[PDB]
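Peer 1: Residue numbers (PDB author numbering): 171 to 337.
There's a structure below that I have some questions on.
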DNA sequence: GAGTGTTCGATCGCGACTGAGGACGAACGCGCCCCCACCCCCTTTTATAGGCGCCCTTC
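In structure tokens:
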């Protein structure tokens with residue numbers, strides 16, 4: 171997310187934009203998209219914006235910066251004030267099946283799973299405060315990160331354990 | 001002689017006295033609607049897997 175440093179009129183923005191959507195009856199912000207960034211932006215009336223879809227923090231920064239220019243180019247005093255990363259998402263495959271029953275048993279304090287709920291096991295690591303999603307096929311997803319290393323780190327801690335839980 | 005005026009007794013009207021009944025109200029009572037307070041609710045992307053609804057076709 172980033173602040174454009176000014177209050178804006180989304181109605182005008184929606185009107186001007188060639189590739190954005192807005193509906194106050196659905197949400198108070200303009201939804202804008204770009205084919206170059208392929209993430210989508212959320213333009214609050216407050217001037218706050220959200221960048222999504224980006225594969226990297228820079229690309230998020232690049233798109234958000236790219237988003238901030240055109241809003242300015244609409245006629246607004248947009249800025250790049252207070253830019254920050256809000257979330258990062260990662261994924262990987264351990265390439266081997268594991269006995270979740272043992273895993274949810276041995277790490278109930280952190281690991282969490284319910285086959286009646288969702289097919290993926292939810293691991294909430296606190297070390298670097300990371301959440302992992304662990305699936306019967308061995309696929310894993312990590313999110314809630316603001317640092318890429320934490321995904322690598324959270325995964326470095328969890329993979330050996332998983333190997334120790336090989337079927 | 002005779003006629004008129006006054007007062008206690010007696011007689012009658014009055015109101016006081018006591019209770020019950022009817023109507024009224026005020027304290028008590030009931031509940032809704034008002035509002036502030038506290039905190040959820042909505043959206044996207046990216047990844048995944050289980051369950052699943054609807055349609056198309058065939059019976």
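Idealized CB from N, CA, C, for every residue including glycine.
#1: List, from N- to C-terminal side, the beta strand (DSSP E) runs of 3 residues or more that fit wholly inside the region 193-271.
#2: Can you give the Cα-Cα distance for residue 298 and residue 281, rounded to whole angstroms?
#3: Starting from the Cα of residue 176, find the closest Cα among 225, 215, 240 and give me that residue.
#4: Compute the beta-carbon to beta-carbon distance between residue 180 and residue 199, rounded to the nearest angstrom, for a pair I have assumed lies under 8 Å.
#5: Measuring alpha carbon to alpha carbon, tell me which of 201, 302, 251, 171 ends up nearest residue 263.
#6: Please list, in chain order, all residues of the same chain as residue 260 whose beta carbon is under 6 Å from its beta carbon, the five residues on each side excluded.
#7: In whole angstroms, what separates the C-alpha of residue 257 from that of residue 172?
#8: Looking at residue 204: is its Cβ nearer than 8 Å to the Cβ of residue 189?
Peer 2: Looking at the atomic coordinates:
#1: For the region 193-271, the continuous beta strand (DSSP E) assignments of 3+ residues that do not extend past its boundaries occur at 200-202, 211-213, 218-221, 258-263, in sequence order.
#2: 15 Å
#3: Out of 225, 215, 240, 215 has the C-alpha closest to the C-alpha of residue 176.
#4: 7 Å
#5: 302
#6: 312, 321
#7: 13 Å
#8: yes
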